[PDB]
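We give structure tokens for two forms of one protein chain below, kept apart as structure 1 and structure 2.
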Structure 1
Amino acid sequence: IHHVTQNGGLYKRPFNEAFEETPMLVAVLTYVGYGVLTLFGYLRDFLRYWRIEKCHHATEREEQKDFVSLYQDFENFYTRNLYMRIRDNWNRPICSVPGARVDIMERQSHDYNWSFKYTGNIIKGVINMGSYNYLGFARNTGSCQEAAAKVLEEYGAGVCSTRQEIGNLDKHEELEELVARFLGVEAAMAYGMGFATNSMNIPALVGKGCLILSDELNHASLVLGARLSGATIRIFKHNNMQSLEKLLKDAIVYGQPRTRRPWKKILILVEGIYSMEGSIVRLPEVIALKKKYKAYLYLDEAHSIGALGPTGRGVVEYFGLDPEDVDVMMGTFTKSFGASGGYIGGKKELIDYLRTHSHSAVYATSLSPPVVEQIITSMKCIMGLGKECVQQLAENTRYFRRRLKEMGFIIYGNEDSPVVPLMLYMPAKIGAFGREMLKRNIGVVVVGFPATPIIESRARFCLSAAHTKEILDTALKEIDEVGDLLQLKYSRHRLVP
């Protein structure tokens, strides 16, 4: 009732989302940075001929083995030239519970980041913005957390069988019925790994003569599980409804790729919160478009399930739709609920099929009994203090995003999407933004190349409902100081208040 489109998807609230176009001045300097590192990267290969000092890395047996190369020299030219140089920014070990302030072990390299040592002193109070702790359910002292985990812990350390033999305990069915009442579906089925939710149930549901309509930037599990099946895969542009409507009415009027035989079925693999970007799926324009062309939707929400919508009920509550338009909803219990595992959600016709024909149910082991009562005794913590931390998370995102935008930075994504990607469009500022904020006593996540485009190296700032106003103003005062130190304030538009 606010915005209707050429499709039919009627929006009920404004959809603000702007991706700023990288300035053309910065875009030249990137190449000089990636070019010079490539230039000096060879030299370390031409100096690897003498082999006087190869001690940094490892080698084959030589006397024994030494038959074939095993690794391609050019394949790994990026993990030993452009990565190993700034490798101290990712695998940082932790001494305590991850929740708005964490202990970091301090380490130090003498070989220019080829081997580390742990000094012995840890850094005590570090505001972390790299852990997924939506709704602050990651503590070690909680009524829900202490009671559920401890009683269950006496139960069993872990299961030792499979859901079709003796791997089905009484804890697994009282979860399943509870997940179904949460979302509003007929049934559900819990797995034990979100990465194996997607890469084991998609080849159960698609098969050979079918077509998969995948988005440009999915997670690696949807990409892997779509390849284990054997169906044709065609990739459309990120959040582009024009390039989905074209790519779908060209798949029906042309049938298969070698004959012209019609397809068996068409399903569309989308997402929810899109963390590497921060945008949200244009979900009223997919439901109003799949009904025109009679396809299926594999809506999946792992980064939204407890951070979007009035009562944290995924993206379907967000746009004002009922969970009946979509099929096979996916989800993980690691982001919002703070426990491992994933589910799938459907109708009994579908479920009864996945309890029978899925790869995980017959071959692999199930959830463990102490991580399943952390889910039961905290899912209940939302329906009822459960609606306060959802309202707190939604106003921490509005404050942190507008005040970070009025400083001149480039921020991708939607106005209400609790991952905030900050642009660092350069290779040397990847290793420097992560390194300078530790001096400033704050820990962040910097992702460069590989996952994203060459000229799109960014930084993530996953927020939380356990971050107070006094923690955010400590962080926003230091980003302003480390933004001027590295000149990261570039945007033609400055939203001055």
Structure 2
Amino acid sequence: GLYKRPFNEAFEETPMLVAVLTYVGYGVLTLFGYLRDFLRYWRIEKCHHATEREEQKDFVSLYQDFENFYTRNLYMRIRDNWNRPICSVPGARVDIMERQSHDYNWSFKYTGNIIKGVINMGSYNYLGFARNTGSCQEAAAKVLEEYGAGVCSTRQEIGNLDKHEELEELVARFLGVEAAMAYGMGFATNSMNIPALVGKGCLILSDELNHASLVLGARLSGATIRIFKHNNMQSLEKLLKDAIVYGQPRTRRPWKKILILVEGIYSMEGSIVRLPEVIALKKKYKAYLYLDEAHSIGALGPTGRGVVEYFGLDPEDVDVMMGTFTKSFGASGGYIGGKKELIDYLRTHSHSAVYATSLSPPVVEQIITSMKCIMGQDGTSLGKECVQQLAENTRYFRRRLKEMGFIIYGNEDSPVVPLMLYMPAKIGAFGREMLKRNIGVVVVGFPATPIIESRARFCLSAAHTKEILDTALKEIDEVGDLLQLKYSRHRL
């Protein structure tokens, strides 16, 4: 594969001392969790956790204790950093309902105070389409008046509406493909359409850091699943070679199909897939490509068409293009784009098309209006300006953070910015200290990230102005001084 523009990603290795201290902290916290379970065993301390009812105490216990050891002892201690209720439109500034816990995050009490004007780095609205005013809101209001909220049937049944066909035509024109199909949920898009494409006797080559929906879709299909290293084209090529040469494992029969599941942007890593090399490999080894383009469909591309446009490649080379409307367009749903034969087969054989309720009409209207705004049909230059502004914000934020001294993962063009915290206590400390300073951030550990590399993800937006970014950067610098989070050796 040939790259027209330079491809600059950096994943700095964890400092040895930092990794050692992370292991020490996790170990001591696990020992104290063991002591807590022992204390709760003889009821030395009261049990805030719920218990099985007395009538059902003689059943086999619903949960194995060790299975939730993480949830009760590790996650529960810093639980206040997640599930923060918001009482405002999730724009650049969001209103957070303040809550407090007097039993160490076991139960939360909602104080009357509302934290207003929090700089929002957690929400996904890359192009700033999360608004409660504007043309998309007015169109959604009109369609909600005409159609109501929700539909009460399936697409193959009476649940197919003219709005759905209009949306699918528009999405196909947007992507550059022959046809597209829309679904009520992106997680459902994956989990319900991957099983239709492949089955037993086929092979799925899945990236190491694929989304849970992609993994579930691969598991629901009966195909063999093999994992290659994240954006490692050498690992992927070796897997392709071996798979073609040696056939199916028990009986060395040739595979029916080989499907490569990749993502346009891996949000937790902030890396952009090496799409030119993947397309070259799939052309050489006659594989099929499933590109989950949820985090890049609006975020990447000169005109916001995704990773394919970002690389200047042909949309027709990708066999299946997943996308999600949640991240950039500001409405729920998902889509699959491809050739007309593929979309016809999916309309016939998708699990969602047969058993799941269609998209909501106001939601599809908001998607339609946002998409026409992006592709210039709104008659105003607002959709373009969003794309340049998001690009500028990404470049500015990433450069400022890197020259402050933090370790930042991913490609330099990726609007998701993961900052490495590396320690379990710092996961809670960073979220609490940043909310104390009026910035809402997202922090993640095991259920989304590997062990040592726990992180804070910043989602940049075109709604973010430079004043907002400057405020956030200043508070991040202050907190990094406070929490000693500048682990980088190269720049500071």
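FYI, numbering is relative to structure 1, first residue = 1. Rigid core (definition): largest C-alpha set, two forms, superposition within 1.5 Å.
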Of 151, 233, 166, 94, which is the single residue whose C-alpha shifts by 2 angstroms or more between structure 1 and structure 2 after core superposition? 151
Does residue 53 move appreciably between structure 1 and structure 2, meaning a CA displacement of 2 Å or more on the superposed rigid core? yes
After a rigid core superposition, would you say the CA of residue 63 moves by 2 angstroms or more between structure 1 and structure 2, or not? yes
By how many angstrom is the CA atom of residue 449 displaced between structure 1 and structure 2 after fitting on the core? 2.3
Let me know the CA shift of residue 133 between structure 1 and structure 2 in Å, rounded to one decimal, core fitted. 1.0
Quick one: how many Å does the C-alpha of residue 316 shift between structure 1 and structure 2 once the rigid core is superposed? 0.5
